>>> print(open('data_1.tsv').read())   # TSV, C-alpha atoms and all ligand atoms
chain	number	residue	atom	x	y	z
M	96	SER	CA	13.37	-0.63	14.13
M	97	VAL	CA	11.57	-2.33	11.25
M	98	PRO	CA	7.86	-3.20	10.95
M	99	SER	CA	7.14	-6.90	10.58
M	100	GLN	CA	6.07	-8.14	7.15
M	101	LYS	CA	5.03	-11.64	8.24
M	102	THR	CA	1.75	-12.72	6.65
M	103	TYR	CA	-0.77	-13.38	9.41
M	104	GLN	CA	-4.41	-14.19	8.70
M	105	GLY	CA	-5.33	-14.09	12.40
M	106	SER	CA	-8.66	-14.97	13.95
M	107	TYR	CA	-10.72	-13.32	11.20
M	108	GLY	CA	-8.95	-14.93	8.24
M	109	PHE	CA	-7.70	-11.59	6.90
M	110	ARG	CA	-6.07	-11.39	3.48
M	111	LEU	CA	-5.83	-9.12	0.45
M	112	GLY	CA	-7.16	-9.53	-3.06
M	113	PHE	CA	-6.40	-7.83	-6.35
M	114	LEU	CA	-8.30	-7.32	-9.58
M	115	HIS	CA	-7.17	-8.88	-12.87
M	116	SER	CA	-6.28	-5.83	-14.94
M	117	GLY	CA	-3.98	-7.37	-17.56
M	118	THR	CA	-0.79	-5.97	-19.02
M	119	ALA	CA	-1.90	-3.78	-21.94
M	120	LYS	CA	0.15	-0.63	-22.52
M	121	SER	CA	-2.83	1.46	-21.33
M	122	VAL	CA	-3.19	-0.23	-17.92
M	123	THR	CA	-2.69	2.09	-14.95
M	124	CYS	CA	-2.53	-0.49	-12.14
M	125	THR	CA	-1.85	-4.20	-12.44
M	126	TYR	CA	-0.99	-6.91	-9.92
M	127	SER	CA	1.38	-9.83	-10.52
M	128	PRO	CA	0.59	-12.88	-8.35
M	129	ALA	CA	3.79	-14.61	-9.46
M	130	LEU	CA	5.85	-11.68	-8.15
M	131	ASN	CA	3.40	-10.60	-5.38
M	132	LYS	CA	3.96	-7.16	-6.83
M	133	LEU	CA	1.67	-4.28	-7.75
M	134	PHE	CA	2.70	-2.07	-10.68
M	135	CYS	CA	1.01	1.31	-10.90
M	136	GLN	CA	1.25	4.77	-12.39
M	137	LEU	CA	1.86	7.86	-10.28
M	138	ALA	CA	-1.18	9.03	-8.28
M	139	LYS	CA	-3.56	6.59	-9.97
M	140	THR	CA	-6.23	4.53	-8.24
M	141	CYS	CA	-4.98	1.21	-6.86
M	142	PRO	CA	-7.95	-0.94	-5.75
M	143	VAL	CA	-7.00	-3.35	-2.97
M	144	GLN	CA	-9.58	-5.85	-1.76
M	145	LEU	CA	-9.85	-6.89	1.87
M	146	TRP	CA	-11.23	-10.38	2.57
M	147	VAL	CA	-12.15	-12.02	5.88
M	148	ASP	CA	-13.69	-15.32	6.93
M	149	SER	CA	-15.62	-13.73	9.81
M	150	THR	CA	-16.71	-10.23	10.77
M	151	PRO	CA	-14.21	-8.28	12.94
M	152	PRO	CA	-15.52	-6.14	15.83
M	153	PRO	CA	-16.73	-2.55	15.54
M	154	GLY	CA	-13.72	-0.25	15.72
M	155	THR	CA	-11.40	-2.49	13.72
M	156	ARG	CA	-9.22	-0.52	11.29
M	157	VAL	CA	-6.98	-1.15	8.26
M	158	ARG	CA	-3.55	0.51	8.12
M	159	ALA	CA	-1.15	0.81	5.16
M	160	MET	CA	2.58	1.53	5.49
M	161	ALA	CA	5.51	1.33	3.08
M	162	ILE	CA	8.97	-0.01	3.91
M	163	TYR	CA	12.03	-0.57	1.77
M	164	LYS	CA	12.26	-4.19	0.65
M	165	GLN	CA	16.07	-4.49	0.79
M	166	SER	CA	17.39	-5.21	4.28
M	167	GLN	CA	20.17	-2.60	4.01
M	168	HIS	CA	17.51	0.12	3.53
M	169	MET	CA	14.78	-1.20	5.83
M	170	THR	CA	15.46	1.22	8.67
M	171	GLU	CA	15.03	4.26	6.37
M	172	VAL	CA	11.59	5.88	6.40
M	173	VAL	CA	9.85	5.68	3.01
M	174	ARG	CA	8.75	9.21	2.11
M	175	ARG	CA	8.06	11.37	-0.91
M	176	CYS	CA	11.06	12.84	-2.70
M	177	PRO	CA	12.21	16.47	-2.34
M	178	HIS	CA	10.28	17.45	-5.46
M	179	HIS	CA	6.96	15.76	-4.81
M	180	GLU	CA	6.75	16.75	-1.15
M	181	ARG	CA	6.77	20.39	-2.39
M	182	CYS	CA	4.41	20.18	-5.37
M	183	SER	CA	1.25	21.28	-3.48
M	184	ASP	CA	-0.87	18.36	-4.71
M	185	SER	CA	-2.58	18.06	-1.32
M	186	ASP	CA	-6.05	16.55	-1.08
M	187	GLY	CA	-6.59	18.51	2.15
M	188	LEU	CA	-5.98	15.49	4.39
M	189	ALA	CA	-2.78	13.66	3.46
M	190	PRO	CA	0.43	15.36	4.63
M	191	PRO	CA	2.55	16.25	1.60
M	192	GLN	CA	5.38	13.94	2.73
M	193	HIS	CA	3.27	10.74	2.71
M	194	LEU	CA	3.80	8.30	-0.15
M	195	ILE	CA	0.54	6.37	0.34
M	196	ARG	CA	-2.85	8.10	0.28
M	197	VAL	CA	-6.37	6.72	0.57
M	198	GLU	CA	-8.69	8.09	-2.10
M	199	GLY	CA	-12.31	8.97	-1.46
M	200	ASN	CA	-12.57	8.30	2.28
M	201	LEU	CA	-13.04	11.30	4.56
M	202	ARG	CA	-12.42	9.08	7.61
M	203	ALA	CA	-8.84	8.28	6.59
M	204	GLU	CA	-6.28	9.27	9.22
M	205	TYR	CA	-2.61	9.92	8.53
M	206	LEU	CA	-0.02	9.11	11.18
M	207	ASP	CA	3.53	10.35	11.63
M	208	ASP	CA	4.79	7.92	14.26
M	209	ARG	CA	6.26	9.89	17.16
M	210	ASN	CA	8.93	7.24	17.83
M	211	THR	CA	9.78	5.68	14.45
M	212	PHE	CA	8.85	8.68	12.24
M	213	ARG	CA	7.24	6.27	9.78
M	214	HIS	CA	4.15	7.30	7.85
M	215	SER	CA	0.94	5.36	7.58
M	216	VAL	CA	-2.70	5.83	6.60
M	217	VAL	CA	-5.50	4.08	8.47
M	218	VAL	CA	-9.24	3.77	7.74
M	219	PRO	CA	-12.15	2.27	9.68
M	220	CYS	CA	-13.32	-1.12	8.50
M	221	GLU	CA	-16.63	-0.98	6.69
M	222	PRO	CA	-18.72	-4.01	5.71
M	223	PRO	CA	-19.07	-4.88	2.02
M	224	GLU	CA	-21.83	-3.16	0.12
M	225	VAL	CA	-25.01	-5.17	-0.29
M	226	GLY	CA	-24.34	-7.74	-3.01
M	227	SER	CA	-20.56	-7.72	-2.53
M	228	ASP	CA	-18.38	-10.21	-0.68
M	229	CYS	CA	-15.37	-8.01	0.08
M	230	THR	CA	-14.46	-4.40	0.78
M	231	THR	CA	-12.13	-2.34	-1.42
M	232	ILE	CA	-9.78	0.45	-0.37
M	233	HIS	CA	-8.48	2.75	-3.11
M	234	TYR	CA	-4.84	3.70	-2.59
M	235	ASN	CA	-2.65	6.20	-4.43
M	236	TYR	CA	1.16	6.17	-4.55
M	237	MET	CA	2.48	9.71	-4.79
M	238	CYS	CA	6.08	9.27	-6.06
M	239	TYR	CA	7.73	7.12	-8.70
M	240	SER	CA	10.01	4.30	-7.61
M	241	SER	CA	12.73	6.14	-9.56
M	242	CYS	CA	12.33	9.53	-7.81
M	243	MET	CA	15.75	10.97	-7.00
M	244	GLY	CA	16.26	11.79	-3.34
M	245	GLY	CA	13.24	9.63	-2.48
M	246	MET	CA	12.81	5.96	-3.28
M	247	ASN	CA	15.69	6.37	-5.78
M	248	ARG	CA	14.99	3.07	-7.64
M	249	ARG	CA	14.80	1.04	-4.41
M	250	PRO	CA	11.90	-1.45	-4.26
M	251	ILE	CA	9.29	-1.00	-1.54
M	252	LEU	CA	6.72	-3.20	0.14
M	253	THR	CA	3.30	-2.09	1.30
M	254	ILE	CA	2.24	-3.72	4.58
M	255	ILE	CA	-1.52	-3.83	5.23
M	256	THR	CA	-2.49	-4.49	8.83
M	257	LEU	CA	-5.87	-5.20	10.36
M	258	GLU	CA	-5.86	-3.59	13.81
M	259	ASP	CA	-8.15	-3.38	16.81
M	260	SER	CA	-9.32	-0.05	18.22
M	261	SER	CA	-6.11	0.26	20.30
M	262	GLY	CA	-3.86	-0.53	17.32
M	263	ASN	CA	-3.09	-4.13	18.32
M	264	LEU	CA	-2.38	-6.52	15.47
M	265	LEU	CA	-5.24	-8.69	14.18
M	266	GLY	CA	-3.94	-9.60	10.72
M	267	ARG	CA	-1.25	-8.68	8.22
M	268	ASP	CA	-0.56	-9.02	4.50
M	269	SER	CA	1.87	-7.34	2.13
M	270	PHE	CA	2.93	-6.84	-1.46
M	271	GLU	CA	5.80	-5.25	-3.36
M	272	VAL	CA	5.06	-2.04	-5.29
M	273	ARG	CA	6.67	-0.44	-8.33
M	274	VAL	CA	5.38	3.01	-9.26
M	275	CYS	CA	6.29	3.54	-12.89
M	276	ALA	CA	5.21	5.09	-16.17
M	277	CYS	CA	4.26	1.81	-17.92
M	278	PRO	CA	3.05	-0.80	-15.40
M	279	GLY	CA	1.82	-3.25	-18.04
M	280	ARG	CA	5.17	-3.40	-19.81
M	281	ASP	CA	7.11	-3.55	-16.55
M	282	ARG	CA	4.95	-6.39	-15.23
M	283	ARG	CA	5.50	-8.34	-18.46
M	284	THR	CA	9.26	-7.74	-18.32
M	285	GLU	CA	9.62	-8.78	-14.68
M	286	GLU	CA	7.43	-11.88	-15.12
M	287	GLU	CA	9.56	-12.87	-18.11
M	288	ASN	CA	12.73	-12.38	-16.05
M	289	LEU	CA	11.23	-14.66	-13.40
M	290	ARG	CA	10.32	-17.32	-15.97
M	291	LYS	CA	13.87	-17.26	-17.36
C	301	LIG	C1	-17.83	-2.93	11.61
C	301	LIG	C2	-16.32	-2.92	11.44
C	301	LIG	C3	-15.85	-4.26	10.91
C	301	LIG	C4	-16.46	-4.58	9.54
C	301	LIG	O1	-15.45	-5.12	8.68
C	301	LIG	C5	-15.76	-6.09	7.76
C	301	LIG	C6	-16.89	-6.92	7.81
C	301	LIG	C7	-17.15	-7.89	6.83
C	301	LIG	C8	-18.38	-8.74	6.95
C	301	LIG	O2	-18.52	-9.66	6.10
C	301	LIG	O3	-19.16	-8.45	7.92
C	301	LIG	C9	-16.25	-8.06	5.78
C	301	LIG	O4	-16.49	-9.01	4.81
C	301	LIG	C10	-15.11	-7.25	5.71
C	301	LIG	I1	-13.78	-7.53	4.07
C	301	LIG	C11	-14.87	-6.27	6.69
C	301	LIG	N1	-13.68	-5.52	6.55
C	301	LIG	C12	-12.42	-6.00	6.85
C	301	LIG	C13	-11.49	-5.03	6.55
C	301	LIG	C14	-12.22	-3.92	6.06
C	301	LIG	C15	-13.56	-4.25	6.06
C	302	ZN	ZN	8.82	11.93	-6.23
>>> encode(input="data_1.tsv", output="structure tokens")
Amino acid sequence: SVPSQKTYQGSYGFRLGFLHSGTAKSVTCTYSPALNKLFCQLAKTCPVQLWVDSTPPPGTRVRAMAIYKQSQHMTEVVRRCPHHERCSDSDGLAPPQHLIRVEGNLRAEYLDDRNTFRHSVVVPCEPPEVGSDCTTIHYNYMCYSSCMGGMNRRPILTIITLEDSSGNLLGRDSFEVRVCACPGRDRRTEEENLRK
């Protein structure tokens, strides 16, 4: 099977937001609205904003999962490559096979789905800090898009789902991800290709 990627704001008006980081050579994470694509360095902080129009109930959670973007690869589980799964870079909570980690949240839970074998990471919803209008989750991607025996140059999507306490769908959004050494240059190149 394949997880749905259909954008769905749902009853709470759920959607993502991204910072405006630019495309300088030194940038470690940058989002392209024209491509709906995040470009980031390996294991660096990727701030993703969560926005709602109304407050979801206590017990609502936010889950992240990666799938391959190309249809001919969509049924294959996205996982870390044979090198990175063995490099003992554990944070003490994320299984070493998981591509996506949540940084700085001791309530993050990592799931290996017993039926689909897909990986995901889920956190409880928390209200914005006083003075803020949205909540941010900090993600890390733990392999390069190019890693041999893993993503192997195949593009991926991240699907972010807002879920109730039982895991039922409340909202969904998604974005493509490229994990690469020079996200600013790659964003500029791909946006130029799109303009041409
Ligand atoms: C108590 C559990 C539910 C609390 O979740 C939110 C509340 C508000 C609010 O304004 O009360 C909000 O703005 C956001 I963004 C979230 N939220 C959504 C996903 C992650 C956090
Ligand atoms: Zn790797």
>>> residues_around(input="data_1.tsv", residues="residue 132 in chain M", least_positions_apart="6", cutoff="8 Å", atoms="only C-alpha atoms", output="short mmCIF file (atom, residue, chain, number, x, y, z; two decimals) with C-alpha atoms, in the frame of the given file")
data_model
loop_
_atom_site.label_atom_id
_atom_site.label_comp_id
_atom_site.auth_asym_id
_atom_site.auth_seq_id
_atom_site.Cartn_x
_atom_site.Cartn_y
_atom_site.Cartn_z
CA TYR M 126 -0.99 -6.91 -9.92
CA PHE M 270 2.93 -6.84 -1.46
CA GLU M 271 5.80 -5.25 -3.36
CA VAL M 272 5.06 -2.04 -5.29
CA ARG M 273 6.67 -0.44 -8.33
#
>>> residues_around(input="data_1.tsv", residues="residue 180 in chain M", least_positions_apart="2", cutoff="6 Å", atoms="only C-alpha atoms", output="PDB file with C-alpha atoms, in the frame of the given file")
ATOM      1  CA  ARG M 175       8.060  11.370  -0.910  1.00  0.00           C
ATOM      2  CA  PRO M 177      12.210  16.470  -2.340  1.00  0.00           C
ATOM      3  CA  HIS M 178      10.280  17.450  -5.460  1.00  0.00           C
ATOM      4  CA  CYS M 182       4.410  20.180  -5.370  1.00  0.00           C
ATOM      5  CA  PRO M 191       2.550  16.250   1.600  1.00  0.00           C
ATOM      6  CA  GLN M 192       5.380  13.940   2.730  1.00  0.00           C
TER       7      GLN M 192
END
>>> axis_aligned_box(input="data_1.tsv", around="ligand LIG 301 (chain C)", padding_each_side="4 Å", output="lines of an AutoDock Vina configuration file")
center_x = -15.3
center_y = -6.3
center_z = 7.8
size_x = 15.7
size_y = 14.7
size_z = 15.5
>>> residues_around(input="data_1.tsv", residues="residue 186 in chain M", least_positions_apart="3", cutoff="12 Å", atoms="all atoms listed in the file", output="PDB file with C-alpha atoms, in the coordinates of the input")
ATOM      1  CA  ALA M 138      -1.180   9.030  -8.280  1.00  0.00           C
ATOM      2  CA  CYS M 182       4.410  20.180  -5.370  1.00  0.00           C
ATOM      3  CA  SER M 183       1.250  21.280  -3.480  1.00  0.00           C
ATOM      4  CA  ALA M 189      -2.780  13.660   3.460  1.00  0.00           C
ATOM      5  CA  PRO M 190       0.430  15.360   4.630  1.00  0.00           C
ATOM      6  CA  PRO M 191       2.550  16.250   1.600  1.00  0.00           C
ATOM      7  CA  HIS M 193       3.270  10.740   2.710  1.00  0.00           C
ATOM      8  CA  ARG M 196      -2.850   8.100   0.280  1.00  0.00           C
ATOM      9  CA  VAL M 197      -6.370   6.720   0.570  1.00  0.00           C
ATOM     10  CA  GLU M 198      -8.690   8.090  -2.100  1.00  0.00           C
ATOM     11  CA  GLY M 199     -12.310   8.970  -1.460  1.00  0.00           C
ATOM     12  CA  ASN M 200     -12.570   8.300   2.280  1.00  0.00           C
ATOM     13  CA  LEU M 201     -13.040  11.300   4.560  1.00  0.00           C
ATOM     14  CA  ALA M 203      -8.840   8.280   6.590  1.00  0.00           C
ATOM     15  CA  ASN M 235      -2.650   6.200  -4.430  1.00  0.00           C
ATOM     16  CA  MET M 237       2.480   9.710  -4.790  1.00  0.00           C
TER      17      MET M 237
END
>>> residues_near_ligand(input="data_1.tsv", ligand="ligand ZN 302 (chain C)", cutoff="10 Å", atoms="all atoms listed in the file", output="ChimeraX atom specification")
/M:137,174-182,192,194,236-247
>>> closest_atom_pairs(input="data_1.tsv", of="chain M", to="ligand LIG 301 (chain C)", cutoff="6 Å", atoms="all atoms listed in the file", output="Markdown table")
| residue | atom | partner | partner_atom | distance |
| --- | --- | --- | --- | --- |
| M:145 | CA | C:LIG301 | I1 | 4.5 |
| M:146 | CA | C:LIG301 | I1 | 4.1 |
| M:147 | CA | C:LIG301 | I1 | 5.1 |
| M:150 | CA | C:LIG301 | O3 | 4.2 |
| M:151 | CA | C:LIG301 | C3 | 4.8 |
| M:152 | CA | C:LIG301 | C3 | 5.3 |
| M:153 | CA | C:LIG301 | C1 | 4.1 |
| M:154 | CA | C:LIG301 | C2 | 5.7 |
| M:155 | CA | C:LIG301 | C2 | 5.4 |
| M:220 | CA | C:LIG301 | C14 | 3.9 |
| M:221 | CA | C:LIG301 | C15 | 4.5 |
| M:222 | CA | C:LIG301 | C6 | 4.0 |
| M:223 | CA | C:LIG301 | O4 | 5.6 |
| M:228 | CA | C:LIG301 | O4 | 5.9 |
| M:229 | CA | C:LIG301 | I1 | 4.3 |
| M:230 | CA | C:LIG301 | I1 | 4.6 |
>>> atom_distance(input="data_1.tsv", atom1="CA of residue 210 in chain M", atom2="CA of residue 187 in chain M")
24.8 Å
>>> closest_residue(input="data_1.tsv", among="M:206, M:289, M:217, M:135", to="residue 120 in chain M", atoms="only C-alpha atoms")
M:135
>>> closest_residue(input="data_1.tsv", among="M:285, M:208, M:268, M:224", to="residue 172 in chain M", atoms="all atoms listed in the file")
M:208
>>> residues_around(input="data_1.tsv", residues="residue 143 in chain M", least_positions_apart="3", cutoff="7 Å", atoms="only C-alpha atoms", output="number ranges by chain")
M: 111-113, 231-233
>>> decode(input="data_1.tsv", residues="range 157-283 of chain M", atoms="C-alpha atoms", output="CSV table (one decimal), in the first residue's frame")
chain,number,residue,atom,x,y,z
M,157,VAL,CA,1.4,15.4,14.5
M,158,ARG,CA,3.0,12.6,12.5
M,159,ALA,CA,5.8,12.7,9.9
M,160,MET,CA,6.5,10.0,7.3
M,161,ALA,CA,8.6,9.8,4.2
M,162,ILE,CA,7.6,8.1,0.9
M,163,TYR,CA,9.2,7.9,-2.5
M,164,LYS,CA,7.8,10.6,-4.8
M,165,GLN,CA,8.0,8.5,-8.0
M,166,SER,CA,5.1,6.1,-8.4
M,167,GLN,CA,7.3,3.1,-9.4
M,168,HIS,CA,9.1,3.4,-6.0
M,169,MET,CA,6.1,4.4,-3.8
M,170,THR,CA,5.6,0.9,-2.3
M,171,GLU,CA,9.2,0.8,-1.1
M,172,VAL,CA,9.8,1.8,2.5
M,173,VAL,CA,12.0,4.9,2.9
M,174,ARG,CA,14.8,4.0,5.3
M,175,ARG,CA,18.4,4.9,6.1
M,176,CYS,CA,21.1,3.4,3.9
M,177,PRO,CA,23.3,0.5,4.9
M,178,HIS,CA,26.0,2.8,6.1
M,179,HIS,CA,24.0,5.3,8.1
M,180,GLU,CA,21.8,2.7,9.8
M,181,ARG,CA,25.1,1.4,11.3
M,182,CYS,CA,26.9,4.6,12.3
M,183,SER,CA,25.7,4.6,15.9
M,184,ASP,CA,24.5,8.3,15.8
M,185,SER,CA,21.5,7.4,18.0
M,186,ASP,CA,19.9,10.1,20.1
M,187,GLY,CA,18.7,7.4,22.5
M,188,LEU,CA,15.1,7.5,21.1
M,189,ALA,CA,15.1,7.3,17.3
M,190,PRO,CA,15.7,3.8,15.9
M,191,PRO,CA,18.8,3.8,13.8
M,192,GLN,CA,16.9,2.9,10.6
M,193,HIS,CA,14.6,5.9,10.7
M,194,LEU,CA,15.3,8.7,8.2
M,195,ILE,CA,13.2,11.4,10.0
M,196,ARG,CA,13.9,12.4,13.6
M,197,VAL,CA,12.4,15.0,15.8
M,198,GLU,CA,15.0,17.1,17.6
M,199,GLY,CA,14.6,18.3,21.2
M,200,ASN,CA,11.3,16.7,22.1
M,201,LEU,CA,11.4,13.9,24.7
M,202,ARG,CA,7.7,13.0,23.9
M,203,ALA,CA,8.5,12.0,20.3
M,204,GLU,CA,7.4,8.5,19.5
M,205,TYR,CA,8.9,6.4,16.7
M,206,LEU,CA,6.7,3.8,15.0
M,207,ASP,CA,7.6,0.8,12.9
M,208,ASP,CA,4.2,-0.1,11.4
M,209,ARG,CA,3.5,-3.7,12.0
M,210,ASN,CA,1.6,-4.1,8.7
M,211,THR,CA,3.3,-1.7,6.2
M,212,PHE,CA,6.8,-1.6,7.9
M,213,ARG,CA,6.9,2.1,7.2
M,214,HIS,CA,8.6,4.4,9.7
M,215,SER,CA,7.1,7.5,11.2
M,216,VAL,CA,7.7,9.9,14.1
M,217,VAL,CA,4.8,11.4,16.0
M,218,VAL,CA,4.7,14.2,18.7
M,219,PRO,CA,1.8,15.6,20.8
M,220,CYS,CA,0.4,18.9,19.7
M,221,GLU,CA,1.4,21.8,21.9
M,222,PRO,CA,0.0,25.3,21.8
M,223,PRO,CA,2.2,28.1,20.5
M,224,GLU,CA,4.4,29.8,23.1
M,225,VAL,CA,3.0,33.1,24.5
M,226,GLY,CA,3.5,35.7,21.9
M,227,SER,CA,3.6,33.3,19.0
M,228,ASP,CA,0.9,32.4,16.5
M,229,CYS,CA,2.1,28.9,15.4
M,230,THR,CA,4.0,25.9,16.7
M,231,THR,CA,7.3,24.7,15.2
M,232,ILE,CA,8.6,21.1,15.1
M,233,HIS,CA,12.3,20.7,14.4
M,234,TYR,CA,13.0,17.7,12.1
M,235,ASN,CA,16.3,16.1,11.1
M,236,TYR,CA,16.9,14.0,7.9
M,237,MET,CA,19.5,11.3,8.6
M,238,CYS,CA,20.7,10.3,5.1
M,239,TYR,CA,21.5,12.1,1.9
M,240,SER,CA,19.2,11.8,-1.1
M,241,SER,CA,22.2,10.3,-2.9
M,242,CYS,CA,23.0,7.6,-0.3
M,243,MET,CA,23.7,4.3,-2.1
M,244,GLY,CA,21.6,1.4,-1.0
M,245,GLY,CA,19.1,3.9,0.6
M,246,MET,CA,17.3,6.7,-1.2
M,247,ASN,CA,19.9,6.3,-4.1
M,248,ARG,CA,19.1,9.7,-5.7
M,249,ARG,CA,15.3,9.0,-5.7
M,250,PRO,CA,13.2,12.1,-4.6
M,251,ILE,CA,11.1,11.7,-1.4
M,252,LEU,CA,8.1,13.5,0.0
M,253,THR,CA,7.5,14.1,3.7
M,254,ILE,CA,3.8,13.7,4.6
M,255,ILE,CA,2.7,15.6,7.8
M,256,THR,CA,-0.5,14.4,9.3
M,257,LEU,CA,-2.6,15.9,12.1
M,258,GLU,CA,-4.2,12.9,13.9
M,259,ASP,CA,-6.6,12.4,16.8
M,260,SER,CA,-5.7,10.3,19.8
M,261,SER,CA,-6.7,7.1,18.0
M,262,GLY,CA,-4.6,8.0,14.9
M,263,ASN,CA,-7.6,9.0,12.7
M,264,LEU,CA,-6.9,11.6,10.1
M,265,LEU,CA,-7.6,15.3,10.9
M,266,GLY,CA,-5.4,17.1,8.4
M,267,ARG,CA,-2.6,16.5,6.0
M,268,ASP,CA,0.1,18.4,4.2
M,269,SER,CA,3.3,17.5,2.4
M,270,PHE,CA,6.5,18.7,0.7
M,271,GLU,CA,9.3,17.2,-1.3
M,272,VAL,CA,12.7,16.9,0.4
M,273,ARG,CA,16.3,16.8,-1.0
M,274,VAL,CA,19.0,16.1,1.5
M,275,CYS,CA,22.2,17.4,0.0
M,276,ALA,CA,25.6,19.1,0.8
M,277,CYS,CA,24.7,22.5,-0.7
M,278,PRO,CA,20.9,23.2,-0.3
M,279,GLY,CA,21.2,26.9,-1.3
M,280,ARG,CA,22.9,26.1,-4.6
M,281,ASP,CA,20.6,23.2,-5.3
M,282,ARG,CA,17.5,25.3,-4.7
M,283,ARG,CA,18.8,28.0,-7.0
